[PDB]
Amino acid sequence: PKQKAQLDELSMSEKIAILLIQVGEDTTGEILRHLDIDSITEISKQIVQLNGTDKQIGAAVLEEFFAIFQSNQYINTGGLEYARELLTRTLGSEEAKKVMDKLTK
Amino acid sequence: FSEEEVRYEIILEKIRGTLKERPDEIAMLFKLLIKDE
């Protein structure tokens, strides 16, 4: 509940730094090299400040970005896991699994 | 390797792959997402 509260008050810039922290330094360096200085300043600041965020909050952030990349076609694989996340949000864990079993077949 | 840990690794690997694939586009996506809010 506290995690949830903390997750819904993250700015989009905080969510992006949390995403970057989880993808690691090499991939983060690749994004930062294409940003402007003011963007790099803000994101770098949150990486340093959000280092060590709860992994469950990070996972919720990744799921949020997973849905963004699915709906905008940056990611065109892993539809099963996307369905699993969607059905769990809309139906709850236990009815989603019965859909998921029928969905895999 | 719980189901949760494995599912986490599924989306992380695909998100990492997308960032590596087109870093300039994701960088601008991030700028646009920030400016949106």
# chains A, B, ... in the order shown; residues from 1 in each chain; ligands from 1
>>> interface_residues(of="chain A", to="chain B", cutoff="10 Å", atoms="only C-alpha atoms", output="PyMOL selection string")
chain A and resi 11-16+19-20+22-24+26-36+39+55-56+58-60+62-63+65-67+69+74-78+81-82+84-85
>>> write_last_selection(atoms="N, CA and C atoms", output="compact mmCIF listing (two decimals), in the first residue's frame")
# COMPACT_ATOMS: atom_id res chain seq x y z
N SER A 11 7.08 11.06 -10.69
CA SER A 11 6.95 11.76 -11.95
C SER A 11 7.38 10.84 -13.09
N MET A 12 7.03 11.25 -14.30
CA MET A 12 7.43 10.48 -15.47
C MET A 12 8.95 10.42 -15.59
N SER A 13 9.62 11.50 -15.20
CA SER A 13 11.08 11.54 -15.21
C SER A 13 11.67 10.57 -14.18
N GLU A 14 11.03 10.46 -13.01
CA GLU A 14 11.44 9.46 -12.02
C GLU A 14 11.24 8.04 -12.52
N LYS A 15 10.11 7.79 -13.18
CA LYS A 15 9.87 6.47 -13.77
C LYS A 15 10.93 6.15 -14.81
N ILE A 16 11.34 7.15 -15.60
CA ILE A 16 12.33 6.89 -16.64
C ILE A 16 13.68 6.56 -16.03
N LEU A 19 13.45 3.08 -14.80
CA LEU A 19 13.66 2.17 -15.93
C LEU A 19 15.14 2.08 -16.29
N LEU A 20 15.82 3.24 -16.38
CA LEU A 20 17.22 3.23 -16.80
C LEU A 20 18.11 2.47 -15.81
N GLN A 22 17.34 -0.02 -14.06
CA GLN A 22 17.17 -1.46 -14.22
C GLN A 22 17.78 -1.99 -15.52
N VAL A 23 17.90 -1.16 -16.58
CA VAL A 23 18.51 -1.69 -17.80
C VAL A 23 20.03 -1.69 -17.73
N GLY A 24 20.63 -1.00 -16.77
CA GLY A 24 22.06 -1.05 -16.58
C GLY A 24 22.79 0.12 -17.25
N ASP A 26 25.41 0.36 -19.38
CA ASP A 26 25.76 0.37 -20.80
C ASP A 26 24.60 0.90 -21.64
N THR A 27 23.41 0.35 -21.42
CA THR A 27 22.25 0.77 -22.19
C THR A 27 21.82 2.18 -21.82
N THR A 28 21.93 2.53 -20.53
CA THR A 28 21.64 3.90 -20.11
C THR A 28 22.56 4.89 -20.80
N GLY A 29 23.87 4.61 -20.82
CA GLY A 29 24.78 5.48 -21.55
C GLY A 29 24.36 5.69 -22.99
N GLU A 30 23.75 4.68 -23.62
CA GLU A 30 23.33 4.82 -25.01
C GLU A 30 22.16 5.80 -25.14
N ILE A 31 21.24 5.81 -24.17
CA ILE A 31 20.13 6.76 -24.21
C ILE A 31 20.64 8.16 -23.92
N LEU A 32 21.44 8.31 -22.86
CA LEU A 32 21.89 9.63 -22.43
C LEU A 32 22.66 10.35 -23.54
N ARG A 33 23.42 9.61 -24.35
CA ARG A 33 24.20 10.22 -25.43
C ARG A 33 23.32 10.82 -26.52
N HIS A 34 22.02 10.53 -26.54
CA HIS A 34 21.10 11.12 -27.50
C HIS A 34 20.17 12.16 -26.88
N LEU A 35 20.32 12.46 -25.59
CA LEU A 35 19.52 13.48 -24.94
C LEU A 35 20.27 14.81 -24.90
N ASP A 36 19.50 15.88 -24.73
CA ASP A 36 20.03 17.22 -24.51
C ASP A 36 20.54 17.33 -23.07
N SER A 39 17.90 17.58 -20.27
CA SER A 39 17.30 16.27 -20.02
C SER A 39 18.27 15.36 -19.27
N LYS A 55 12.44 -3.26 -5.64
CA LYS A 55 12.37 -3.95 -6.92
C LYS A 55 10.94 -4.09 -7.41
N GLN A 56 9.97 -4.22 -6.49
CA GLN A 56 8.57 -4.34 -6.91
C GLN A 56 8.07 -3.06 -7.57
N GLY A 58 10.10 -0.98 -9.18
CA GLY A 58 10.76 -1.02 -10.47
C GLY A 58 10.03 -1.91 -11.46
N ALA A 59 9.58 -3.08 -10.99
CA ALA A 59 8.86 -4.02 -11.85
C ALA A 59 7.55 -3.42 -12.34
N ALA A 60 6.85 -2.70 -11.47
CA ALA A 60 5.63 -2.01 -11.88
C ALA A 60 5.93 -0.94 -12.93
N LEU A 62 8.51 -1.09 -15.13
CA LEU A 62 8.78 -1.81 -16.36
C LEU A 62 7.49 -2.27 -17.03
N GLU A 63 6.53 -2.75 -16.23
CA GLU A 63 5.26 -3.18 -16.81
C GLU A 63 4.55 -2.02 -17.48
N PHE A 65 6.02 0.59 -18.89
CA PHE A 65 6.71 0.87 -20.15
C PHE A 65 6.55 -0.26 -21.15
N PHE A 66 6.47 -1.51 -20.68
CA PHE A 66 6.15 -2.63 -21.56
C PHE A 66 4.84 -2.38 -22.31
N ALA A 67 3.81 -1.90 -21.60
CA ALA A 67 2.54 -1.64 -22.27
C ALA A 67 2.67 -0.51 -23.29
N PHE A 69 5.42 0.32 -25.03
CA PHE A 69 6.13 -0.19 -26.19
C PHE A 69 5.29 -1.17 -26.99
N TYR A 74 7.00 -0.59 -30.62
CA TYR A 74 8.45 -0.71 -30.44
C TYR A 74 8.82 -2.14 -30.07
N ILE A 75 7.92 -2.85 -29.40
CA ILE A 75 8.08 -4.25 -29.05
C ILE A 75 6.96 -5.03 -29.73
N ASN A 76 7.32 -5.98 -30.58
CA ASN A 76 6.35 -6.81 -31.29
C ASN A 76 6.48 -8.29 -30.94
N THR A 77 7.14 -8.62 -29.83
CA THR A 77 7.17 -9.98 -29.31
C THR A 77 6.69 -9.98 -27.86
N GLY A 78 6.60 -11.17 -27.28
CA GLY A 78 6.11 -11.30 -25.92
C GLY A 78 4.64 -10.99 -25.74
N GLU A 81 2.96 -12.63 -22.52
CA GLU A 81 3.19 -11.93 -21.25
C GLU A 81 2.41 -10.62 -21.19
N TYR A 82 2.26 -9.94 -22.33
CA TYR A 82 1.45 -8.74 -22.36
C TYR A 82 -0.02 -9.07 -22.07
N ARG A 84 -1.04 -11.65 -20.40
CA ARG A 84 -1.08 -12.06 -19.00
C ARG A 84 -1.18 -10.86 -18.07
N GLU A 85 -0.41 -9.80 -18.35
CA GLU A 85 -0.49 -8.58 -17.55
C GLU A 85 -1.83 -7.88 -17.72
>>> select_by_dssp(residues="chain A", states="helix (DSSP H, G or I)", output="ChimeraX atom specification")
/A:2-8,12-23,25-32,37-50,55-71,79-91,93-104
>>> closest_residue(among="A:87, A:25, A:17, A:61", to="residue 41 of chain A", atoms="only C-alpha atoms")
A:17
>>> atom_distance(atom1="atom CA of residue 51 of chain A", atom2="atom CA of residue 2 of chain B")
23.9 Å
>>> atom_distance(atom1="atom CA of residue 79 of chain A", atom2="atom CA of residue 21 of chain A")
24.6 Å
>>> atom_distance(atom1="atom CA of residue 53 of chain A", atom2="atom CA of residue 4 of chain A")
12.8 Å
